[PDB]
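Colleague: I would like to see how this sequence folds:
(2 chains, ligands or ions: 3)
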Amino acid sequence: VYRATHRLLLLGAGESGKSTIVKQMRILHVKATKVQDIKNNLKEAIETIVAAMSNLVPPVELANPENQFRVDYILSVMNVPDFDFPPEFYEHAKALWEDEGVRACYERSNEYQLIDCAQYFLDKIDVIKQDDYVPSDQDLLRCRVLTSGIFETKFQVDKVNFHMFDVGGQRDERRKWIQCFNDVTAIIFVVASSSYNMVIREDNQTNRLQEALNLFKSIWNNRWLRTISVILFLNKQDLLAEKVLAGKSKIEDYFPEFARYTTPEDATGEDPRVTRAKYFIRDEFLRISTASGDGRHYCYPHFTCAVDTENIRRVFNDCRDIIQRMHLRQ
Amino acid sequence: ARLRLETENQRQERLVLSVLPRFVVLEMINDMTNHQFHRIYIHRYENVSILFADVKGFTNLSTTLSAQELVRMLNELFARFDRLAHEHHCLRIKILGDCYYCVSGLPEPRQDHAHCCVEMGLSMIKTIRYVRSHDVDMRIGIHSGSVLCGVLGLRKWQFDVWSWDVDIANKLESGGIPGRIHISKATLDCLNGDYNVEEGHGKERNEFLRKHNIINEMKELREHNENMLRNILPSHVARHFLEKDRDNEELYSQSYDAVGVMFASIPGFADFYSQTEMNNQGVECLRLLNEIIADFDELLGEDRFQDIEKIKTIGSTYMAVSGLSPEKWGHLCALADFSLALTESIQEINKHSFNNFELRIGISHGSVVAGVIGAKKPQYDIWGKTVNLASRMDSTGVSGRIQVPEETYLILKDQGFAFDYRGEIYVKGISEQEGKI
Ligand SMILES: Nc1nc2c(ncn2[C@@H]2O[C@H](COP(=O)(O)OP(=O)(O)OP(O)(O)=S)[C@@H](O)[C@H]2O)c(=O)[nH]1
Ligand SMILES: C=C[C@@]1(C)CC(=O)[C@]2(O)[C@@]3(C)[C@@H](O)CCC(C)(C)[C@@H]3[C@H](O)[C@H](OC(C)=O)[C@@]2(C)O1
Ligand SMILES: [Mg+2]
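Modeller: Residues are numbered from 1 along each chain as shown, chains lettered A, B, ... in the order given. Ligands and ions are numbered 1, 2, ... in the order given. Take a look:
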């Protein structure tokens, strides 16, 4: 029954949402440390905000001098990795978040590296002050954690067995992927879309999306993975939509071919720019696929949002039909 | 005609089955009668025990007597080695320089490896007694664990075993205390507690990982077997081994004058190896290694390198000789091209994978003695001073760069005169080797 187990793996750059998509799929159908992770994600988010408040090359003003004491407090607790969760510091962080300077720094967070969930996590401070509420499914899927070792997850659907292979995206872990390049039914490629504007934290020069696209070119053209027909799940679509609707940043900041690009004919409340952005990233992946196509691997782009559920289930149903087709070796 | 064909086919099959045990040769022969990866014949095995040997005084005897007599004594000692080993349910894996290792119960489960330990003690005392009639002392390293067995490459396949346990055994033998065994806990817990053993080594090896040293159908079958012969052993040696005079003449040898030797190594592979729970037991790592070696062999067969003959592969180390078959110094140019092509091949497989691998290359020139050292198992081999000179030039080299002996050519430029490495025989300052220009 080796074939009957549809084993498939996700490959992509760091913070592309693969672990989140695994968690969302798991809760869609098949603790104290989790709450700790919520708190720690909040801590690092606010820490990075206030560190880049001053470390940023263009200085940003502070709303009120009275919060300079809290800024010094957070600077003192910056180098400290101790797991401190005092209500006083929660009140301090609440005071900072209502300052216009901190909000402006968050809006200017595109210059440095910051976790994506921060904003949402920055609205959970009032209820995380109590530290007693049970986290919701949205809260669980908003949690941020790193993945280094490759992970396998059981799966069952329509009375058949699937296997999830979630691997790391950091360059240090890119050597481990060959450990699972064999006998895999399909590849579920996941690339963070809204992270087009970010850059990698491994080098601090190259864009996260550019690095992801180069990794996709490597994976698709790999001389050992030529009969597996990768399936594309571009995550991060909701943040991409809100970012383009914001208007502060656009794809032309990094890819003027988008400015030359025009909307395709396969368009599906909406706006032209967001639709053509998602379609353009899909079309760039498809261009890399077809230009390196060999007649055996086929790319089926499908737009995904990990935090969403209806989108998750719809795209997962489409992909499950695709995997059911490919299983028979048509 | 049918009887004659059956007899000759049986003889040829037995010549193969001298090496390459049944459980893998069956899979190969099944594959010949009719893939995202190059395919590999490794199977996991448990409850295996690894012995090791190494002449500690080979540097104290290689210089004294010539290569021919040294080969004579090495052949007689290794013939005793192999016979006494086959007496005690032990099968040689390979012979490399002076090293010699065997496993316990690989084709089928078996234990009681201490019998082979006392057997090794008796054999070693016999060898030293024969030699006295020069320091030829040797160290015993035995470790128990689980291994992966199989063959790699598309030319000169040999039975080989890879694991972390065999690495521990290699380190145990490399420890020292000649004439005494390394009987680390993995063997004490397995064998028994009634055996009298000491406290173990004080400190000789690097304190790392805490080793705790304490008619048409018959014709088709004949064609398949002939193909496998041609893919295992050299043509003339295979012809000599097919007919009589396999055992009547113990040593088959010949000395050659204008010979070159090349060694290449991949030090970083020990980095990439990892025996976790997801990748079965590192089988994917050995798949990558088999891909590398297959690329090297596929590069070998091309028309641009005809006078170079692959001999053996020690781990990720490639040994290739030149001048053995005379049919001028263009063959050393061919060896240099071989090294350059190997470097480009490993860089290509670097870029195809997602890690970094580098090659250490050492070339030497001189006169060698080439022959077969094992009558029961056909293992073509080389010996001589230049052999260990090349081995040291490879081991005492810098990764990603090619080291060269005294310059005897000018076609493609070299660089790096100021090395003056101490070596092991004497100090010798000779340049290094880059590409064509
Ligand atoms: N708002 C929003 N947040 C998302 C979305 N997708 C993922 N996230 C959040 O982004 C974070 C990063 O996801 P994660 O799964 O950790 O990336 P990763 O690729 O596994 O990280 P790595 O191991 O490669 S470094 C998660 O905490 C998740 O909550 C999304 O579509 N919308
Ligand atoms: C590829 C396998 C791996 C990682 C582990 C292993 O068992 C080895 O193959 C042995 C020990 C093993 O094959 C026994 C022979 C010999 C020649 C001692 C090998 C080399 O030491 C290899 O190291 C090299 C690369 O020289 C090494 C150690 O590398
Ligand atoms: Mg992850």
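Colleague: could you list every residue that touches the closest residue to chain B within the stretch 1-150 of chain A?
Modeller: Distance from chain B to each residue of the stretch 1-150 of chain A (C-beta to the nearest C-beta) is smallest for residue A:150, at 5.4 Å. (Each C-beta comes from the backbone N, C-alpha and C, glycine too.) By C-beta atoms under 8 Å, 6 or more residues apart in numbering or on different chains, residue A:150 lies in contact with A:165, A:166, A:167, A:168, A:176, A:177, A:179, A:180, B:278.
Colleague: farthest-separated two in those residues?
Modeller: Across the contacts of residue A:150, the longest distance by C-beta to C-beta is 13.3 Å; it joins A:166 and A:179.
Colleague: the longest helix seen in chain A near ligand 1 anywhere?
Modeller: The single longest helix within chain A, with elements called by DSSP state H, is helix A:32-55. No: Helix A:32-55 lies out of reach of ligand 1 by C-beta under 6 Å from any ligand atom, never closer than 7.4 Å.
Colleague: now that helix: how far from the chain's centre is it?
Modeller: Taking the mean of its C-alpha atoms, helix A:32-55 sits 17 Å from the chain's own mean (C-alpha atoms, centre = their mean, to the nearest Å).
Colleague: how close does the residue of the stretch 101-250 of chain B found nearest ligand 1 sit to residue A:175?
Modeller: The minimum distance from the stretch 101-250 of chain B to ligand 1, using C-beta to the nearest ligand atom, falls at residue B:164 (27.2 Å). Separation of residue B:164 from residue A:175 (C-beta to C-beta, to the nearest Å): 18 Å.
Colleague: equivalent analysis for residue B:279, please.
Modeller: Between residue B:279 and residue A:175 the computed distance is 12 Å (C-beta to C-beta).
Colleague: looking only at neighbour counts, state which of the two leads.
Modeller: residue B:279 (20 against 15; other C-beta atoms under 10 Å in any protein chain shown).
Colleague: ok, the more buried one - contacts?
Modeller: Residue B:279 touches A:179, A:180, B:285, counting by C-beta under 8 Å, 6+ apart.
Colleague: now do the phi/psi pair for it.
Modeller: Taking degrees, to the nearest 10, you get phi -60, psi 130 for the backbone angles of residue B:279.
Colleague: also residue B:348?
Modeller: phi -60, psi -40.
Colleague: who's in contact with it?
Modeller: residue B:295.
Colleague: repeat that for 10 Å
Modeller: By C-beta atoms under 10 Å, 6 or more residues apart in numbering or on different chains, the contact set of residue B:348 is A:223, B:295.
Colleague: what does chain B put close to chain A?
Modeller: Within chain B, the positions near chain A by C-beta under 10 Å from any C-beta of the partner chain are B:35-38, B:271-272, B:274, B:276-280, B:282-285, B:287-288, B:291, B:348-349, B:351-356.
Colleague: quickly note the distance from residue A:222 to ligand 2.
Modeller: 22 Å (C-beta to the nearest ligand atom, to the nearest Å).
Colleague: for that residue, helix, strand, or coil?
Modeller: Assigned with DSSP: H, G, I helix; E, B strand; the rest coil, residue A:222 falls in the coil class.
Colleague: could you do residue A:156 as well?
Modeller: strand.
Colleague: is ligand 3 contacted by stretch A:15-32?
Modeller: Yes: using C-beta under 5 Å from the ion, stretch A:15-32 reaches ligand 3 at residue A:19.
Colleague: buried residues in that stretch?
Modeller: A:15, A:16, A:17, A:18, A:19, A:20, A:21, A:22, A:23, A:24, A:25 (16 or more other C-beta atoms under 10 Å in any protein chain shown).
Colleague: those residues: which ones sit near ligand 1?
Modeller: Answer for those near ligand 1 (C-beta under 6 Å from any ligand atom): A:15, A:16, A:17, A:18, A:19, A:20.
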